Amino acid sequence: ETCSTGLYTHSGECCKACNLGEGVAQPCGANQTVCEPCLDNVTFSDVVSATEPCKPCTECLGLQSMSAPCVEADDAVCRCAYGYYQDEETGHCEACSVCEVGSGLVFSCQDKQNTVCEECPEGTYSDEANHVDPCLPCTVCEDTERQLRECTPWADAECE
């Protein structure tokens, strides 16, 4: 008869444990152990413990956004909102960098990753400043078409 809890009531009874999704209402002392279920969106218990109460669900504050909602048995998870990424040592959300005109997306700006840009290579261009657009392949004007404007790394070719 092993005490899977390592905790005893005042008379040698192995305190019962509050399973997953349930916290400890009142600590086993004179009596057994009182467990009550946690509140969805409010409290969770991801541990089968006879000493742990329902902990307060983590809330996303500021530039932090819900990446995962809080269940009774699992805490919530928060990440930097769409337009930002999390700075490693600061833990602060910084706005994603933008690949300026004549520069294009290489690696998307997500969570711990800030936008990785690229100076458009030979044969491509980037019309705008943002962090979603990759350098595009130039339009090749037809032998019959008047190349009004040629392709540069910042503006695509024009024709008629």
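All residue numbers refer to positions in the sequence shown, first residue = 1.
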106-114 versus 46-54 - which carries the larger mean C-alpha B factor in the record: 46-54
Comparing 90-98 with 57-65, where is the mean C-alpha B-factor higher? 90-98
Highest-ranked of 124, 41, 33, 130 once sorted by CA temperature factor in the record: 33
Which listed residue, 140, 136, 148, 15, has the largest C-alpha temperature factor in the record? 15
Name the third of the chain's ranked CA B-factors that contains residue 157, choosing lowest, middle or highest. middle
